[PDB]
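Residue numbers (PDB author numbering), protein chains in the order written: chain H, 1 to 52, 52A, 53 to 82, 82A to 82C, 83 to 100, 100A to 100C, 101 to 113; chain A, 21 to 293, 301 to 340; chain L, 1 to 30, 30A to 30D, 31 to 107.
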Amino acid sequence: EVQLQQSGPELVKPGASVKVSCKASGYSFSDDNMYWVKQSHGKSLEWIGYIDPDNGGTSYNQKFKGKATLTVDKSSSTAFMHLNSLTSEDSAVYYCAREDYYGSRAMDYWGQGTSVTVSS
Amino acid sequence: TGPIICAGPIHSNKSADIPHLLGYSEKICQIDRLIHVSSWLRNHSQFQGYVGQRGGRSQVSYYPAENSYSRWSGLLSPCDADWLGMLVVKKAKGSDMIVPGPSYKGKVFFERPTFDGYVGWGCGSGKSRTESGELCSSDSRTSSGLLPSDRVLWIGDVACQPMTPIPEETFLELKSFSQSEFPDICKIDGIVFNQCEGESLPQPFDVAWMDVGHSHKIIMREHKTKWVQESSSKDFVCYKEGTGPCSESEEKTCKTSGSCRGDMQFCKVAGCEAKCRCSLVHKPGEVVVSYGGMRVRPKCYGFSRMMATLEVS
Amino acid sequence: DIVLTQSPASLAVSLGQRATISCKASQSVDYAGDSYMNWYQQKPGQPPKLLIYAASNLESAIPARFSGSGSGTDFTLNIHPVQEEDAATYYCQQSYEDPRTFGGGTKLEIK
């Protein structure tokens, strides 16, 4: 079965940076684009960006260009998201999700979420 | 049209796994039963089970339904070549374009040659293709996971084979002759083919082509083709009546030590005398292409639909 | 960007009754015979879970009380008969173009 496993909760200071990981198993990692989604508490889901793990090509929400940076490691089946210049507006749960472009063109498998709290 | 070695499978449960077989004749047998496409679907698109139930490879759909090369059970499709390690049928990505023309509706696997490779589209369990080919919607009729061969669609009239490589300079020469035969073409499947001031949107494009093992295919209008039969070991398969393909050990022994049964051609070139029997795979032979004053033995040759932009001046 | 507007933002439905949620896009999300619209269910503390893809396709292992319909800009998620486990926030999401966008969500409460 497809499974996505995110790294644990994170407490970070304003102005710092943080790096979250998402480990994919149960399918061939480079076949499908990996999406990243932000969800502030009580609020709605926002798209951050995606990455094509086969060649590193990325696309970002304009709202997060320069804030978020997406990478993968092919050999270990892991996607990464680096967040920089943290403010309190970056405290949210962050998800990774695999998109099945030619099946459903939906995000059919999600990680459990990574809580990120920005405070001193 | 009939198979090469093995009649169509009759699978029992969708969850049985598929073994890796080292023997050539065993691999050919898996190919007759569409074991390789079933494996592709399991690996790439969350599919459970098999395609080709009862009919086998001889019963697959072709998009130009008028297809010459499938009339010869022994000529290899791209999927066939992928199982034998000669090339990779890659999983489609969003930039890969589905060509209009085929009847995609209800297909569970389809494949087409592209300008720079071979690309396939598969469906998950309980699903099959919408009429645009773009998505996999639900389909209660596919819930057993043991699906007939008409759910498999191979686009193009294609023959693949072992190639004799050519140096890079020869490729650049062939590439130049292609550019001069098709001055009107700017991109093919997203790859720059000629330099263009301004270009139309992508259009369906039926063209003859050959894969000669470099960065992209050589497309061809004026060209000659010829078939040579060479009686090498890959041209023979070995079996034991009522039991299927012989093992790897039995096959090497039959083809080296000249001590097995055979048809006329196998005995004539390999020697013979309970034991296995080897005979001639049904095909015209190996294809040789004459283009631009050269002869080349390509990895794949065929006629098939791609996408191209044309110049607008 | 394609903006998605869900309505109502909040809705209460008695057990065994029918829930009907709306999503309107600001442009068509149709292309060559399919509608590129998805629906997600999210319970507190968990990730979204895909229910419906491409307007009307039930994801495997989703109960047949869920159905979706619509085309172009106007889409409907139906739940009938509503049950206790159905209390959640439901999101629509278009897959027509980059950038992916989501609706604001509809909280379904049980009566």
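Heads up, the beta-carbon is just placed ideally off N, CA and C, and yes, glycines get one too.
Alpha-carbon to alpha-carbon, residue j and residue i
i              : j         : result
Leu194(A)      : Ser235(A) : 12 Å
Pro98(A)       : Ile55(A)  : 14 Å
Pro224(A)      : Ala335(A) : 6 Å
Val178(A)      : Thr162(A) : 28 Å
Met80(H)       : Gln6(H)   : 11 Å
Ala67(H)       : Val109(H) : 14 Å
residue 295(A) : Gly142(A) : Chain A lacks the residues between 293 and 301, and residue 295(A) is one of those with no coordinates.
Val128(A)      : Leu173(A) : 8 Å
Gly233(A)      : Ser7(L)   : 56 Å
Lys125(A)      : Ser31(L)  : 16 Å
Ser317(A)      : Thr245(A) : 6 Å
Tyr70(A)       : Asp52(A)  : 13 Å
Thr5(L)        : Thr102(L) : 10 Å
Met240(A)      : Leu46(L)  : 47 Å
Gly42(H)       : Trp103(H) : 19 Å
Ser220(A)      : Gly282(A) : 57 Å
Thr273(A)      : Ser279(A) : 8 Å
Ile25(A)       : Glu270(A) : 16 Å
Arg100A(H)     : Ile51(H)  : 15 Å
Reference residue i, options the options, closest by Cα
i         : options                                       : result
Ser252(A) : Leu173(A), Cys305(A) and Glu46(A)             : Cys305(A)
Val89(H)  : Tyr27(H), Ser74(H) and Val37(H)               : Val37(H)
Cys287(A) : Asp170(A), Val257(A) and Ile186(A)            : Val257(A)
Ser40(H)  : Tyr36(L), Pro40(L) and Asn34(L)               : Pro40(L)
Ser145(A) : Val139(A), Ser158(A) and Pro133(A)            : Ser158(A)
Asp82(L)  : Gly30C(L), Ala60(L), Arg96(L) and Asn53(L)    : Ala60(L)
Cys22(H)  : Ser58(H), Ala93(H), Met100C(H) and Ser108(H)  : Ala93(H)
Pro265(A) : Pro133(A), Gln66(A), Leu166(A) and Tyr44(A)   : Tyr44(A)
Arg77(A)  : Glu270(A), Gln50(A), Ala301(A) and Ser317(A)  : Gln50(A)
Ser196(A) : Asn63(A), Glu338(A) and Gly320(A)             : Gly320(A)
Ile58(L)  : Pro43(L), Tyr36(L), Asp70(L) and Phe71(L)     : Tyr36(L)
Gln61(H)  : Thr72(L), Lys107(L) and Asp94(L)              : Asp94(L)
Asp136(A) : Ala112(A), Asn63(A), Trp247(A) and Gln181(A)  : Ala112(A)
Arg171(A) : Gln66(A), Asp255(A) and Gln79(A)              : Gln79(A)
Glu293(A) : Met284(A), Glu313(A) and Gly94(A)             : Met284(A)
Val289(A) : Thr276(A), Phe130(A) and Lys302(A)            : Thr276(A)
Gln42(L)  : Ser112(H), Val111(H), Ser113(H) and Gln105(H) : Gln105(H)
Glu151(A) : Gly165(A), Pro122(A) and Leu167(A)            : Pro122(A)
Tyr49(L)  : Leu4(H), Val2(H) and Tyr97(H)                 : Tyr97(H)
Any non-hydrogen atom of the ligand NAD closer than 7 Å to residue i Cβ
i         : result
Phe213(A) : The ligand content of the structure shown is nil, which means the ligand NAD is not present either.
Helix, strand or coil at residue i according to DSSP, with G and I counted as helix
i              : result
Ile239(A)      : strand
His76(L)       : coil
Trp35(L)       : strand
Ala36(A)       : coil
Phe129(A)      : strand
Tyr44(A)       : helix
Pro224(A)      : strand
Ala84(L)       : strand
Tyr49(L)       : strand
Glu270(A)      : helix
residue 183(H) : Outside the shown range of chain H, which is 1 to 113, sits residue 183(H), and nothing can be said about it.
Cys280(A)      : strand
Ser97(A)       : coil
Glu85(H)       : helix
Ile51(A)       : helix
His81(H)       : strand
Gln73(A)       : coil
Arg171(A)      : helix
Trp103(H)      : strand
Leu4(H)        : strand
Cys143(A)      : coil
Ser75(H)       : coil
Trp92(A)       : coil
Contact set between the stretch 29-50 of chain A and chain H, restricted to residues whose Cβ is under 8 Å from the partner: So nothing in the stretch comes that close.
Residues in the stretch 48-74 of chain L having any Cβ partner in chain A nearer than 7 Å: The residues in question are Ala50, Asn53, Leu54 and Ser56.
Give a yes or no on contact between the stretch 86-94 of chain L and the stretch 325-333 of chain A, applying the rule of three or more CB pairs nearer than 8 Å. Short answer: they don't touch.
Would you say the stretch 61-68 of chain L touches the stretch 22-29 of chain A, given that touching needs at least three Cβ pairs under 8 Å? They do not touch, by the three-pair rule.
To be precise: take each residue of the stretch 97-126 of chain A, compare its Cβ to all Cβ atoms of chain H, and keep it if any distance is under 8 Å. Which residues remain? The stretch 97-126 of chain A vs chain H, Cβ under 8 Å: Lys111, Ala112, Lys113 and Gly114.
Report the residues of the stretch 150-173 of chain A with a CB closer than 8 Å to any CB of chain H, ordered along the chain. The stretch 150-173 of chain A vs chain H, Cβ under 8 Å: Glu154, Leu155 and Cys156.
Can you confirm whether the stretch 198-209 of chain A touches the stretch 183-190 of chain A when touching is taken to mean that 3 or more C-beta pairs between the two stretches lie within less than 8 Å? Contact fails: fewer than three Cβ-Cβ distances are below 8 Å.
Is it true that the stretch 83-96 of chain A meets the stretch 165-180 of chain A, where meeting means three or more beta-carbon pairs spaced less than 8 Å apart? The stretch 83-96 of chain A makes contact with the stretch 165-180 of chain A, as at least three CB pairs between them are under 8 Å.
Determine which residues of the stretch 3-16 of chain L have a Cβ less than 7 Å from any Cβ of chain H, and write them out in chain order. Those residues of the stretch 3-16 of chain L that come within reach of chain H (Cβ to Cβ, closer than 7 Å) do not exist; the list is empty.
Is the stretch 128-142 of chain A in contact with the stretch 18-26 of chain L, if contact means three or more CB pairs nearer than 8 Å? Contact between the stretch 128-142 of chain A and the stretch 18-26 of chain L is absent: fewer than 3 CB-CB pairs across the two stretches fall below 8 Å.
Contact list for the stretch 77-99 of chain L against chain H, Cβ threshold 8 Å: The residues in question are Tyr87, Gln89, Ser91, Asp94, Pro95, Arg96, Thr97, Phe98 and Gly99.
Interface positions of the stretch 133-145 of chain A facing chain H (Cβ-Cβ less than 9 Å), listed along the chain: Within the stretch 133-145 of chain A, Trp141, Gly142, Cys143 and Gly144 place their CB atoms closer than 9 Å to a CB of chain H, listed in sequence order.
Using a beta-carbon distance cut-off of less than 8 Å, what residues from the stretch 56-68 of chain A approach chain C? The question asks about chain C, but that chain is absent: this structure's protein chains are H, A and L.
Going along the chain, which residues of the stretch 34-48 of chain L sit with their C-beta nearer than 7 Å to a C-beta in chain H? Correct list: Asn34, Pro43, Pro44 and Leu46.
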